[PDB]
Structure formats: structure tokens, C-alpha cells
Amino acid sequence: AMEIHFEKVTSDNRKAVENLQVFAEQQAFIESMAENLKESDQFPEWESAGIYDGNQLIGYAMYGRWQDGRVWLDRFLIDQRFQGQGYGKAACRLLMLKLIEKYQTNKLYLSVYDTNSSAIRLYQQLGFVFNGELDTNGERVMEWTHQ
């Protein structure tokens, strides 16, 4: 019957884990977000934010200065009820400007999966370019430079 075992995440299975299908587990993603928030609250390097249009919460973002001094956009979500209507790009641009005002640097960093075309296009339109680096999770790094 069942042969349940656990494996450390490595390059051999990381992408399989990243592609775990979970597109109905509404209660599960509640738990995912609660942990997301807990993990951000744990370390002062990280900060979570709700994204609002007026009084309506439309999304979420996590970001922060990592130890190397690089500033990262770690998570960025728009609620499904509000997608396809220019919120992501508008919110992402504003977040970018807030980050480079908060911190000294004029560079921001993120990493993307090699198939997330909907997101890559958004970040590309906002000035993010692939910089030839790989993140620790094997994702391709993108970098926004201000000038």
C-alpha cells in the first residue's frame, strides 16, 4: 500500500515541490499566509504589507533588506477578485519607489520561476532585467536599477 517517506529539498526535487498543485485548498492557503506573516514578524529584516485600493484590501507583499545589503521583493500577490485591472503594476511601481526611498540603495532584487510569463512581463515593463544570477531556490534573479 502506501510508502510514506520524506526527502530533504534539493535541486533534484525543489522544482517538483514548487509545482505542487494546491489550487482549491482555500483553508490551506489561509494557513500558508498566516505562516508567511509569522515568518516576516519573526525577523526585523523582513516586513509584510497589505496592499489597498482605498479601504479595500487588494493584495499583499513581503520585502526587506537581506544581510548582503540587497533589497528584495520576496512576495507579491494581488487578490483574484481584482486581477487583470492594472493593480499589480500600479502597486508594484509604488512599492519599488517606497523601497528605494526607505533604503540607501537604488537597486531592487527579485527572483522568478522560468515559466511565470505573466509576472516576468510585469516586472520587465517596470524595468526589471535578468542579471544572470540564480537565487538559492534555483530561480532566475532580476534586478531593477534606477539611475
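Just count from 1 along the sequence shown to find any residue number.
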Report task. Could you check which stretch, 56-64 or 78-86, carries the larger mean CA temperature factor in the entry? Result -> 78-86
Query - Higher-scoring stretch by recorded Cα B factor average, 65-73 or 92-100 - result: 65-73
Query raised in the report: Of the choices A119, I30, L108, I51, which one's C-alpha carries the largest B-factor in the record?
Result: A119
Query raised in the report: Which third of the chain does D114 land in by C-alpha B-factor: lowest, middle or highest?
Result: highest
Report summary line: On the chain's distribution of Cα B-factors, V17 falls within the third called lowest
Report summary line: The third of the chain into which the C-alpha temperature factor of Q26 falls is the highest
Query - Modelled-residue ranking by C-alpha temperature factor, third containing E47 - result: middle
